[PDB]
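Coordinates from protein-v9.cif are shown below (mmCIF, C-alpha atoms and all ligand atoms).
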```
data_work
#
loop_
_atom_site.label_atom_id
_atom_site.label_comp_id
_atom_site.auth_asym_id
_atom_site.auth_seq_id
_atom_site.Cartn_x
_atom_site.Cartn_y
_atom_site.Cartn_z
CA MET A 1 89.08 84.62 96.51
CA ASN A 2 88.49 87.96 98.30
CA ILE A 3 88.98 89.52 101.73
CA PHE A 4 85.64 88.20 102.98
CA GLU A 5 86.34 84.65 101.89
CA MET A 6 89.86 85.02 103.20
CA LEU A 7 88.93 86.17 106.68
CA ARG A 8 85.99 83.76 106.92
CA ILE A 9 88.57 81.03 106.59
CA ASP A 10 90.95 82.45 109.11
CA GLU A 11 88.38 83.46 111.80
CA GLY A 12 85.78 80.84 111.40
CA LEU A 13 82.09 81.30 112.20
CA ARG A 14 80.47 80.88 115.65
CA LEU A 15 77.02 81.61 116.76
CA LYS A 16 77.71 81.59 120.58
CA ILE A 17 80.03 83.66 122.52
CA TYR A 18 83.37 82.15 122.83
CA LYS A 19 86.91 82.78 123.84
CA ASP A 20 89.42 83.75 121.25
CA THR A 21 92.93 82.40 121.42
CA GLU A 22 93.97 85.09 124.03
CA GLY A 23 90.99 84.11 126.23
CA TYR A 24 88.79 87.05 125.04
CA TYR A 25 85.29 87.16 124.35
CA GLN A 26 84.28 87.06 120.77
CA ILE A 27 81.56 85.82 118.57
CA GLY A 28 80.55 85.65 114.86
CA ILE A 29 83.40 85.95 112.41
CA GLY A 30 86.18 87.16 114.58
CA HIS A 31 84.09 89.90 116.26
CA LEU A 32 85.83 91.01 119.35
CA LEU A 33 83.47 91.66 122.16
CA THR A 34 85.50 92.46 125.14
CA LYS A 35 88.97 92.17 126.51
CA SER A 36 87.40 91.68 129.80
CA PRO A 37 86.89 88.63 131.87
CA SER A 38 83.15 88.95 132.31
CA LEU A 39 80.82 86.82 130.45
CA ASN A 40 78.34 89.29 131.57
CA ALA A 41 80.29 92.19 130.32
CA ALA A 42 80.42 90.29 127.01
CA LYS A 43 76.73 89.63 126.93
CA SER A 44 76.21 93.32 127.53
CA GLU A 45 78.56 94.30 124.73
CA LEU A 46 76.89 91.79 122.49
CA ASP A 47 73.37 93.02 122.99
CA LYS A 48 74.46 96.59 122.45
CA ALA A 49 76.15 95.46 119.21
CA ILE A 50 73.15 93.56 118.08
CA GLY A 51 70.57 95.88 119.39
CA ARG A 52 68.52 93.17 121.07
CA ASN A 53 68.50 90.84 123.99
CA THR A 54 70.68 88.01 122.59
CA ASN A 55 71.41 85.88 125.52
CA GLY A 56 74.87 85.12 124.05
CA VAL A 57 73.36 83.94 120.79
CA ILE A 58 73.03 85.40 117.31
CA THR A 59 71.93 84.34 113.95
CA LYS A 60 74.16 83.86 110.84
CA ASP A 61 72.61 86.94 109.44
CA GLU A 62 73.60 88.83 112.59
CA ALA A 63 77.17 87.53 112.53
CA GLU A 64 77.48 88.57 108.91
CA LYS A 65 76.22 92.01 109.64
CA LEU A 66 78.98 92.45 112.28
CA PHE A 67 81.43 90.99 109.74
CA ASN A 68 80.59 93.57 107.05
CA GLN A 69 80.82 96.37 109.54
CA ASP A 70 84.20 95.12 110.79
CA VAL A 71 85.81 94.69 107.35
CA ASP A 72 84.65 98.16 106.47
CA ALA A 73 86.09 99.64 109.61
CA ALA A 74 89.46 97.88 109.05
CA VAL A 75 89.71 99.34 105.58
CA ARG A 76 88.84 102.85 106.83
CA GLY A 77 91.28 102.54 109.74
CA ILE A 78 94.12 101.76 107.32
CA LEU A 79 93.08 104.71 105.09
CA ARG A 80 93.06 107.11 108.02
CA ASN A 81 96.30 105.75 109.41
CA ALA A 82 99.29 107.87 108.52
CA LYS A 83 101.58 104.91 108.84
CA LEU A 84 99.38 102.38 107.05
CA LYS A 85 97.98 104.33 104.22
CA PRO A 86 101.07 104.70 102.09
CA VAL A 87 101.81 101.03 102.49
CA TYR A 88 98.42 100.08 101.43
CA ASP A 89 98.45 102.48 98.53
CA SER A 90 101.69 100.98 97.25
CA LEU A 91 100.50 97.35 97.15
CA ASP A 92 98.66 95.23 94.57
CA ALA A 93 95.15 93.85 95.15
CA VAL A 94 96.08 90.56 96.84
CA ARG A 95 98.64 91.97 99.08
CA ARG A 96 96.22 94.71 100.23
CA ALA A 97 93.95 91.95 101.37
CA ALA A 98 96.80 90.52 103.49
CA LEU A 99 97.26 93.97 105.23
CA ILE A 100 93.48 94.27 105.95
CA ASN A 101 93.59 90.80 107.38
CA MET A 102 96.32 91.72 109.93
CA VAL A 103 94.47 94.89 110.73
CA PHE A 104 91.26 93.05 111.35
CA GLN A 105 93.03 90.67 113.65
CA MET A 106 95.07 93.02 115.59
CA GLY A 107 93.98 96.53 115.13
CA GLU A 108 95.52 99.49 113.35
CA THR A 109 97.67 100.22 116.26
CA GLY A 110 99.19 96.73 116.40
CA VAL A 111 99.95 96.70 112.71
CA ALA A 112 101.32 100.20 112.67
CA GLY A 113 103.96 98.83 115.05
CA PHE A 114 105.54 96.52 112.45
CA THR A 115 107.54 99.47 111.37
CA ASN A 116 110.32 97.48 109.84
CA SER A 117 108.19 95.02 107.93
CA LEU A 118 106.04 97.86 106.72
CA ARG A 119 109.11 99.53 105.28
CA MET A 120 110.10 96.38 103.46
CA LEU A 121 106.66 95.84 102.15
CA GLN A 122 106.67 99.37 100.87
CA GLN A 123 110.01 98.69 99.20
CA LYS A 124 108.70 95.47 97.62
CA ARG A 125 111.37 93.42 99.35
CA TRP A 126 109.05 90.39 99.56
CA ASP A 127 111.16 87.72 101.04
CA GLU A 128 112.80 89.96 103.49
CA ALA A 129 109.54 91.29 104.87
CA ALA A 130 108.31 87.70 105.15
CA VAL A 131 111.19 86.84 107.37
CA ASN A 132 110.75 90.02 109.39
CA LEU A 133 107.05 89.41 109.88
CA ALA A 134 107.76 85.89 111.29
CA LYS A 135 109.80 87.35 114.12
CA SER A 136 106.78 88.40 116.09
CA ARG A 137 104.58 87.35 118.90
CA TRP A 138 101.83 87.28 116.37
CA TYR A 139 103.55 84.58 114.39
CA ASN A 140 104.37 82.62 117.56
CA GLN A 141 100.84 82.63 118.96
CA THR A 142 99.01 81.83 115.75
CA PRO A 143 101.52 80.42 113.43
CA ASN A 144 99.29 78.71 110.96
CA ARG A 145 97.30 81.78 110.35
CA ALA A 146 100.38 83.92 110.39
CA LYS A 147 101.92 81.65 107.71
CA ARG A 148 98.95 82.00 105.36
CA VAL A 149 99.06 85.78 105.60
CA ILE A 150 102.82 85.96 105.27
CA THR A 151 102.87 83.73 102.16
CA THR A 152 100.26 86.01 100.70
CA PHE A 153 102.56 88.90 101.19
CA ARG A 154 105.55 86.92 99.78
CA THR A 155 104.00 85.65 96.64
CA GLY A 156 101.32 88.11 95.93
CA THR A 157 98.86 85.19 95.18
CA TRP A 158 96.10 83.31 97.01
CA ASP A 159 98.02 79.99 97.12
CA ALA A 160 97.94 79.57 100.88
CA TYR A 161 94.16 79.77 100.88
CA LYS A 162 93.34 77.47 98.06
CA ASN A 163 92.09 74.16 99.36
CA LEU A 164 90.96 75.54 102.83
CL CL B 1 80.30 97.08 117.08
CL CL B 2 96.84 79.61 113.88
#
```

Rewrite the structure from the file as structure tokens, please.
Amino acid sequence: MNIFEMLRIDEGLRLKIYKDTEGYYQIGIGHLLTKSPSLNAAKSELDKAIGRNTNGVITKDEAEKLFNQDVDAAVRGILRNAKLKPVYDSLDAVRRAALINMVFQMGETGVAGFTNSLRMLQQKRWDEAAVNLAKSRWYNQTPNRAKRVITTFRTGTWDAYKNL
């Protein structure tokens, strides 16, 4: 199991534009297009992303290219983030994947706001950060996903993803 397999599971794969769980426009493997209400604005963003006239549709190959670019950017955002970096540097390989996952989903900014859980993660207080993480809008809006990530942080293994 790896970050790619992990997020593919959590985000799914869709070849047509679609609304995410907050009503935003996305496509591919969790690729956010626009926080705006226009399907047109989204088709515009999409073509610019793809570099061609899509018409709201991309190939698997295309979706995977956005995917690679997005995982890369998440990793680099964490590395450049003064609040995230040290957390990330203190964790083991599985747990780093769980941090990239949250970052991919909600942006560096959003994650950097989990100040208290970040502190516990840094201190290796597993079970307490797990409880802290659960007390969030994030866990309330997408609980199943939140639970897989959170278990990952708790146990340091891929258990929550095996089967899926
Ligand atoms: Cl992009
Ligand atoms: Cl969910």

A:39, A:3, A:111, A:46: which is nearest ligand CL 1 (chain B), counting all atoms listed in the file?
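So, comparing all the options, the nearest one is A:46.
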
Residues up to 12 Å from ligand CL 1 (chain B), counting only C-alpha atoms and all ligand atoms: could you list those as a ChimeraX atom specification?
/A:26-28,30-34,44-51,62-63,65-73

Please, could you write that set of residues out with C-alpha atoms as a PDB file, in the coordinates of the input?
```pdb
ATOM      1  CA  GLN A  26      84.280  87.060 120.770  1.00  0.00           C
ATOM      2  CA  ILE A  27      81.560  85.820 118.570  1.00  0.00           C
ATOM      3  CA  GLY A  28      80.550  85.650 114.860  1.00  0.00           C
ATOM      4  CA  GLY A  30      86.180  87.160 114.580  1.00  0.00           C
ATOM      5  CA  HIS A  31      84.090  89.900 116.260  1.00  0.00           C
ATOM      6  CA  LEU A  32      85.830  91.010 119.350  1.00  0.00           C
ATOM      7  CA  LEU A  33      83.470  91.660 122.160  1.00  0.00           C
ATOM      8  CA  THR A  34      85.500  92.460 125.140  1.00  0.00           C
ATOM      9  CA  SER A  44      76.210  93.320 127.530  1.00  0.00           C
ATOM     10  CA  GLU A  45      78.560  94.300 124.730  1.00  0.00           C
ATOM     11  CA  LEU A  46      76.890  91.790 122.490  1.00  0.00           C
ATOM     12  CA  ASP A  47      73.370  93.020 122.990  1.00  0.00           C
ATOM     13  CA  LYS A  48      74.460  96.590 122.450  1.00  0.00           C
ATOM     14  CA  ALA A  49      76.150  95.460 119.210  1.00  0.00           C
ATOM     15  CA  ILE A  50      73.150  93.560 118.080  1.00  0.00           C
ATOM     16  CA  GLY A  51      70.570  95.880 119.390  1.00  0.00           C
ATOM     17  CA  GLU A  62      73.600  88.830 112.590  1.00  0.00           C
ATOM     18  CA  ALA A  63      77.170  87.530 112.530  1.00  0.00           C
ATOM     19  CA  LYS A  65      76.220  92.010 109.640  1.00  0.00           C
ATOM     20  CA  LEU A  66      78.980  92.450 112.280  1.00  0.00           C
ATOM     21  CA  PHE A  67      81.430  90.990 109.740  1.00  0.00           C
ATOM     22  CA  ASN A  68      80.590  93.570 107.050  1.00  0.00           C
ATOM     23  CA  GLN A  69      80.820  96.370 109.540  1.00  0.00           C
ATOM     24  CA  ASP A  70      84.200  95.120 110.790  1.00  0.00           C
ATOM     25  CA  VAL A  71      85.810  94.690 107.350  1.00  0.00           C
ATOM     26  CA  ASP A  72      84.650  98.160 106.470  1.00  0.00           C
ATOM     27  CA  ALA A  73      86.090  99.640 109.610  1.00  0.00           C
TER      28      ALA A  73
END
```

Mind giving me the straight-line distance from CA of residue 100 in chain A to CA of residue 118 in chain A in Å, one decimal?
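Result for CA of residue 100 in chain A versus CA of residue 118 in chain A: 13.1 Å, one decimal.
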
Closest of A:133, A:9, A:93, A:79 to ligand CL 2 (chain B) - atom-to-atom distances counting all atoms listed in the file:
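Going through A:133, A:9, A:93, A:79 one by one, the smallest distance to ligand CL 2 (chain B) is for A:9.
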
Please return as a list in words the residues found within 6 Å of ligand CL 2 (chain B), counting only C-alpha atoms and all ligand atoms.
residues 142, 143, 144 and 145 of chain A

I'd like the contact shell of residue 155 in chain A - 10 Å cut-off, all atoms listed in the file, skipping same-chain residues fewer than 5 positions apart - returned as a VMD selection string.
chain A and resid 94 to 95 126 to 127 130 150 160

Quick one: write out the picked residues with C-alpha atoms as a PDB file, in the frame of the given file?
```pdb
ATOM      1  CA  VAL A  94      96.080  90.560  96.840  1.00  0.00           C
ATOM      2  CA  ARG A  95      98.640  91.970  99.080  1.00  0.00           C
ATOM      3  CA  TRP A 126     109.050  90.390  99.560  1.00  0.00           C
ATOM      4  CA  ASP A 127     111.160  87.720 101.040  1.00  0.00           C
ATOM      5  CA  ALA A 130     108.310  87.700 105.150  1.00  0.00           C
ATOM      6  CA  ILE A 150     102.820  85.960 105.270  1.00  0.00           C
ATOM      7  CA  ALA A 160      97.940  79.570 100.880  1.00  0.00           C
TER       8      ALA A 160
END
```

Point out the residue among A:74, A:54, A:24, A:148 with the least atom-to-atom distance to residue 162 in chain A, counting only C-alpha atoms.
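Using only C-alpha atoms, residue 162 in chain A sits closest to A:148.
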
I need the residue nearest residue 96 in chain A from this list: A:113, A:119, A:152, A:57. Use only C-alpha atoms for the distance.
A:152

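For the pair CA of residue 97 in chain A and CA of residue 2 in chain A, the separation is 7.4 Å.
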
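Reported to one decimal place, the separation of CA of residue 154 in chain A from CA of residue 138 in chain A is 17.0 Å.
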
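Closest approach to residue 108 in chain A from the set A:91, A:75, A:135, A:120 is made by A:75, with distances taken over all atoms listed in the file.
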
Hey, which of A:86, A:23, A:12, A:56 ends up closest to residue 99 in chain A? Count all atoms listed in the file.
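Of all the options, A:86 lies closest to residue 99 in chain A.
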
With 5 Å of padding per side, what axis-aligned box (centre and edge lengths, Å, one decimal) covers all the listed atoms of range 34-49 of chain A? Give it as lines of an AutoDock Vina configuration file.
```
center_x = 81.2
center_y = 91.7
center_z = 125.8
size_x = 25.6
size_y = 19.8
size_z = 23.1
```

Taking the partial coordinates given, rebuild range 97-132 of chain A to contain N, CA and C atoms; return it as a PDB file, in the coordinates of the input.
```
ATOM      1  N   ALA A  97      94.803  92.787 100.581  1.00  0.00           N
ATOM      2  CA  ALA A  97      93.950  91.950 101.370  1.00  0.00           C
ATOM      3  C   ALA A  97      94.743  91.398 102.571  1.00  0.00           C
ATOM      4  N   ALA A  98      96.021  91.078 102.388  1.00  0.00           N
ATOM      5  CA  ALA A  98      96.800  90.520 103.490  1.00  0.00           C
ATOM      6  C   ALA A  98      96.969  91.539 104.592  1.00  0.00           C
ATOM      7  N   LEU A  99      97.143  92.837 104.254  1.00  0.00           N
ATOM      8  CA  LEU A  99      97.260  93.970 105.230  1.00  0.00           C
ATOM      9  C   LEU A  99      95.947  94.187 105.997  1.00  0.00           C
ATOM     10  N   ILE A 100      94.782  94.108 105.315  1.00  0.00           N
ATOM     11  CA  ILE A 100      93.480  94.270 105.950  1.00  0.00           C
ATOM     12  C   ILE A 100      93.282  93.143 106.937  1.00  0.00           C
ATOM     13  N   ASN A 101      93.705  91.948 106.507  1.00  0.00           N
ATOM     14  CA  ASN A 101      93.590  90.800 107.380  1.00  0.00           C
ATOM     15  C   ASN A 101      94.297  91.055 108.732  1.00  0.00           C
ATOM     16  N   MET A 102      95.588  91.504 108.713  1.00  0.00           N
ATOM     17  CA  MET A 102      96.320  91.720 109.930  1.00  0.00           C
ATOM     18  C   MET A 102      95.631  92.789 110.756  1.00  0.00           C
ATOM     19  N   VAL A 103      95.134  93.804 110.037  1.00  0.00           N
ATOM     20  CA  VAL A 103      94.470  94.890 110.730  1.00  0.00           C
ATOM     21  C   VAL A 103      93.193  94.428 111.427  1.00  0.00           C
ATOM     22  N   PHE A 104      92.467  93.572 110.782  1.00  0.00           N
ATOM     23  CA  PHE A 104      91.260  93.050 111.350  1.00  0.00           C
ATOM     24  C   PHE A 104      91.570  92.289 112.620  1.00  0.00           C
ATOM     25  N   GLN A 105      92.617  91.501 112.552  1.00  0.00           N
ATOM     26  CA  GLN A 105      93.030  90.670 113.650  1.00  0.00           C
ATOM     27  C   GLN A 105      93.605  91.441 114.802  1.00  0.00           C
ATOM     28  N   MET A 106      94.433  92.395 114.476  1.00  0.00           N
ATOM     29  CA  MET A 106      95.070  93.020 115.590  1.00  0.00           C
ATOM     30  C   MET A 106      94.972  94.488 115.790  1.00  0.00           C
ATOM     31  N   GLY A 107      94.167  95.118 114.975  1.00  0.00           N
ATOM     32  CA  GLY A 107      93.980  96.530 115.130  1.00  0.00           C
ATOM     33  C   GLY A 107      95.062  97.353 114.466  1.00  0.00           C
ATOM     34  N   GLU A 108      94.681  98.565 114.076  1.00  0.00           N
ATOM     35  CA  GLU A 108      95.520  99.490 113.350  1.00  0.00           C
ATOM     36  C   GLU A 108      96.800  99.800 114.046  1.00  0.00           C
ATOM     37  N   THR A 109      96.597  99.907 115.346  1.00  0.00           N
ATOM     38  CA  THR A 109      97.670 100.220 116.260  1.00  0.00           C
ATOM     39  C   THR A 109      98.740  99.150 116.267  1.00  0.00           C
ATOM     40  N   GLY A 110      98.302  97.877 116.408  1.00  0.00           N
ATOM     41  CA  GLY A 110      99.190  96.730 116.400  1.00  0.00           C
ATOM     42  C   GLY A 110      99.966  96.661 115.108  1.00  0.00           C
ATOM     43  N   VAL A 111      99.264  96.786 113.982  1.00  0.00           N
ATOM     44  CA  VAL A 111      99.950  96.700 112.710  1.00  0.00           C
ATOM     45  C   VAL A 111     100.907  97.857 112.504  1.00  0.00           C
ATOM     46  N   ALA A 112     100.454  99.046 112.830  1.00  0.00           N
ATOM     47  CA  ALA A 112     101.320 100.200 112.670  1.00  0.00           C
ATOM     48  C   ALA A 112     102.666 100.002 113.421  1.00  0.00           C
ATOM     49  N   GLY A 113     102.684  99.062 114.373  1.00  0.00           N
ATOM     50  CA  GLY A 113     103.960  98.830 115.050  1.00  0.00           C
ATOM     51  C   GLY A 113     105.007  97.963 114.328  1.00  0.00           C
ATOM     52  N   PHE A 114     104.635  97.354 113.206  1.00  0.00           N
ATOM     53  CA  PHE A 114     105.540  96.520 112.450  1.00  0.00           C
ATOM     54  C   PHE A 114     106.321  97.402 111.494  1.00  0.00           C
ATOM     55  N   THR A 115     106.808  98.451 112.046  1.00  0.00           N
ATOM     56  CA  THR A 115     107.540  99.470 111.370  1.00  0.00           C
ATOM     57  C   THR A 115     108.538  98.957 110.364  1.00  0.00           C
ATOM     58  N   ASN A 116     109.330  97.983 110.780  1.00  0.00           N
ATOM     59  CA  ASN A 116     110.320  97.480 109.840  1.00  0.00           C
ATOM     60  C   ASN A 116     109.733  96.665 108.709  1.00  0.00           C
ATOM     61  N   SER A 117     108.725  95.832 108.989  1.00  0.00           N
ATOM     62  CA  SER A 117     108.190  95.020 107.930  1.00  0.00           C
ATOM     63  C   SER A 117     107.432  95.905 106.981  1.00  0.00           C
ATOM     64  N   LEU A 118     106.844  96.942 107.517  1.00  0.00           N
ATOM     65  CA  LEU A 118     106.040  97.860 106.720  1.00  0.00           C
ATOM     66  C   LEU A 118     106.944  98.521 105.685  1.00  0.00           C
ATOM     67  N   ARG A 119     108.130  98.868 106.130  1.00  0.00           N
ATOM     68  CA  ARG A 119     109.110  99.530 105.280  1.00  0.00           C
ATOM     69  C   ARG A 119     109.508  98.596 104.151  1.00  0.00           C
ATOM     70  N   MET A 120     109.726  97.316 104.491  1.00  0.00           N
ATOM     71  CA  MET A 120     110.100  96.380 103.460  1.00  0.00           C
ATOM     72  C   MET A 120     108.976  96.113 102.534  1.00  0.00           C
ATOM     73  N   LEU A 121     107.768  96.090 103.050  1.00  0.00           N
ATOM     74  CA  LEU A 121     106.660  95.840 102.150  1.00  0.00           C
ATOM     75  C   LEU A 121     106.555  97.022 101.156  1.00  0.00           C
ATOM     76  N   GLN A 122     106.772  98.202 101.673  1.00  0.00           N
ATOM     77  CA  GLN A 122     106.670  99.370 100.870  1.00  0.00           C
ATOM     78  C   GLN A 122     107.744  99.384  99.770  1.00  0.00           C
ATOM     79  N   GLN A 123     108.916  98.803 100.141  1.00  0.00           N
ATOM     80  CA  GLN A 123     110.010  98.690  99.200  1.00  0.00           C
ATOM     81  C   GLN A 123     109.913  97.500  98.296  1.00  0.00           C
ATOM     82  N   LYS A 124     108.861  96.651  98.444  1.00  0.00           N
ATOM     83  CA  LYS A 124     108.700  95.470  97.620  1.00  0.00           C
ATOM     84  C   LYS A 124     109.806  94.425  97.800  1.00  0.00           C
ATOM     85  N   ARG A 125     110.362  94.417  99.025  1.00  0.00           N
ATOM     86  CA  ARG A 125     111.370  93.420  99.350  1.00  0.00           C
ATOM     87  C   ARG A 125     110.603  92.245  99.962  1.00  0.00           C
ATOM     88  N   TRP A 126     109.908  91.468  99.112  1.00  0.00           N
ATOM     89  CA  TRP A 126     109.050  90.390  99.560  1.00  0.00           C
ATOM     90  C   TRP A 126     109.543  89.377 100.564  1.00  0.00           C
ATOM     91  N   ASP A 127     110.625  88.762 100.212  1.00  0.00           N
ATOM     92  CA  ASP A 127     111.160  87.720 101.040  1.00  0.00           C
ATOM     93  C   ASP A 127     111.757  88.270 102.298  1.00  0.00           C
ATOM     94  N   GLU A 128     112.272  89.503 102.240  1.00  0.00           N
ATOM     95  CA  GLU A 128     112.800  89.960 103.490  1.00  0.00           C
ATOM     96  C   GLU A 128     111.676  90.379 104.403  1.00  0.00           C
ATOM     97  N   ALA A 129     110.566  90.917 103.911  1.00  0.00           N
ATOM     98  CA  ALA A 129     109.540  91.290 104.870  1.00  0.00           C
ATOM     99  C   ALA A 129     108.914  90.031 105.502  1.00  0.00           C
ATOM    100  N   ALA A 130     108.877  88.956 104.719  1.00  0.00           N
ATOM    101  CA  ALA A 130     108.310  87.700 105.150  1.00  0.00           C
ATOM    102  C   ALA A 130     109.098  87.171 106.343  1.00  0.00           C
ATOM    103  N   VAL A 131     110.394  87.300 106.257  1.00  0.00           N
ATOM    104  CA  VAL A 131     111.190  86.840 107.370  1.00  0.00           C
ATOM    105  C   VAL A 131     110.976  87.748 108.571  1.00  0.00           C
ATOM    106  N   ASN A 132     110.944  89.069 108.328  1.00  0.00           N
ATOM    107  CA  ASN A 132     110.750  90.020 109.390  1.00  0.00           C
ATOM    108  C   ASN A 132     109.398  89.794 110.057  1.00  0.00           C
TER     109      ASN A 132
END
```
